[PDB]
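Take a look at the structure set out below.
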Amino acid sequence: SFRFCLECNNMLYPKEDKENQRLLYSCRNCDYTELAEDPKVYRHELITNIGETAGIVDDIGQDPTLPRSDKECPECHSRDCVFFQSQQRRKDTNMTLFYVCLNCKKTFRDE
Amino acid sequence: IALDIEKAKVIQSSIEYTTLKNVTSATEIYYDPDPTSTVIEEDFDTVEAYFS
Amino acid sequence: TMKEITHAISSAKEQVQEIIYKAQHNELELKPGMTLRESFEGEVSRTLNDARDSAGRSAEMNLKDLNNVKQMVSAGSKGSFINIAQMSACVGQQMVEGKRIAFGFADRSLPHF
Ligand SMILES: [Zn+2]
Ligand SMILES: [Zn+2]
């Protein structure tokens, strides 16, 4: 996550002080400068799993084309649920199922 | 090597191309102005063990 | 023979169901040089092909010598084993571009599934 300038809404690029030895987020369109909280400047994931379970909506139980199972809900122990596979559509994607209860509407696995 | 499976697997491993990107999983950039110490707590023990 | 063919096809469908469950619980063996989805598709296709071959072999063994289709196939003048299998026992799996029927709709082949 990256922060924005509080006065002109531009991006806050990180900057390093030679004399003070501190990491600071500074806007290049002004003189505003705010002290950085964490040193994690950049992170790149070669193999990522985000978007696998992130594709979830709160009204997925109203879809009539989705199959319905009788798996046990971990939270409220309901007897009706709706399952589907991974929303990510790469070639390496697993065939595991995500179950959605019809009362608490949370996503849970079978393992 | 043709009638032994282990030597064949050794040859196969020695022939196949393997880059850093294959074994790498994630790369990160951190700010740390102390050459002899570090800010990260998980790796602090290992790096101080190295320096000592 | 029709009972035997029905039993063979039902056993194959149960086997395919078991393969589906194993692939959906990460218990499936991966063929080297191929992904999980490709290995699953190849194994299901192999099972269904073996099912059609077994049903056809049962049907072709049933036939008498006076059977006319058998006489034509045995003379070598017209027809083969696959024709007898498809006419009498099972048409089998339909392949488009060397793969099973794709999901032309949103995650299904027809709006009836
Ligand atoms: Zn600014
Ligand atoms: Zn529930």
Before we move on, is A:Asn9 more than 14 Å from chain B (Cβ to nearest Cβ), within 16 Å of ligand 1 (Cβ to nearest atom), out of contact with any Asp or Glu (no Cβ under 7 Å at 6 or more places or on another chain) and at positive phi?
yes
Which pairs have Cβ atoms under 6 Å, sit 6 or more apart or on different chains, and link a residue in the range A:51-65 that is within 14 Å of chain C (Cβ to nearest Cβ) and surrounded by 13 or more Cβ atoms within 10 Å (Cβ to Cβ) to one that is aliphatic (A, V, I, L, M) and not in a loop (DSSP other than H, G, I, E, B)?
A:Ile60/A:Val100
A:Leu46: passes all of (1) away from chain B (no Cβ under 14 Å); (2) more than 16 Å from ligand 2 (Cβ to nearest atom); (3) within 30 Å of C:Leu36 (Cβ to Cβ) but (1)
Could you pull out the residue among A:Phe108, A:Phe84 that is surrounded by 14 or more Cβ atoms within 10 Å (Cβ to Cβ), within 9 Å of ligand 2 (Cβ to nearest atom) and within 16 Å of C:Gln24 (Cα to Cα)?
A:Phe108
Could you tell me whether any residue of the range C:41-64 is in a helix (DSSP H, G or I), of a type in the set (A, V, I, L, M), within 27 Å of A:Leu97 (Cα to Cα) and without any contact (Cβ under 8 Å) to a residue 60 or more places away in the chain?
yes
Looking at the range C:87-113 only, could you name the residues that are surrounded by 12 or more Cβ atoms within 10 Å (Cβ to Cβ) and either basic (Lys, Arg) or in contact (Cβ under 8 Å) with a residue 12 or more places away in the chain (or both)?
C:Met87, C:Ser88, C:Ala89, C:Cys90, C:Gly92, C:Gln93, C:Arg100
Near pairs, Cβ below 6 angstrom, 6+ apart or cross-chain, from the range A:1-16 (within 16 Å of ligand 2 (Cβ to nearest atom)) to any residue that is assigned to a loop (DSSP other than H, G, I, E, B)
none
Which condition number does A:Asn20 fail, the rest of (1) more than 30 Å from B:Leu20 (Cα to Cα); (2) surrounded by 13 or more Cβ atoms within 10 Å (Cβ to Cβ); (3) within 14 Å of chain B (Cβ to nearest Cβ) being met?
(2)
May I ask you to list the residues in the range A:1-24 that are more than 20 Å from B:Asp34 (Cα to Cα) and of a type outside the set (S, T, N, Q)?
A:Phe2, A:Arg3, A:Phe4, A:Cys5, A:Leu6, A:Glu7, A:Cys8, A:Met11, A:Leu12, A:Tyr13
A:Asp70: of a type outside the set (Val, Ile, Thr), within 16 Å of ligand 2 (Cβ to nearest atom), farther than 30 Å from B:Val23 by Cβ and under 22 Å from the mean Cα position of the chain (by Cα), yes or no?
no
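Residue-wise test of (1) on the phi < 0 side of the Ramachandran plot; (2) touching an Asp or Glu at 6+ places or on another chain (Cβ under 9 Å).
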position	(1), (2)
C:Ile5	yes, no
C:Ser11	yes, no
C:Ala23	yes, yes
C:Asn49	yes, no
C:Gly79	no, no
C:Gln86	yes, no
C:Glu97	no, no
Reported set for the range A:72-111 where residues are of a type in the set (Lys, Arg) and out of contact with any strand residue (DSSP E or B) (no Cβ under 8 Å at 6 or more places or on another chain) is A:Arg79, A:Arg89, A:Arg90, A:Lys91, A:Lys105
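Every residue, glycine among them, receives a Cβ derived from its backbone with ideal geometry; neighbour counts consider all protein chains shown. Since every read-out is calculated from the coordinates, none of them should be taken as a lab result.
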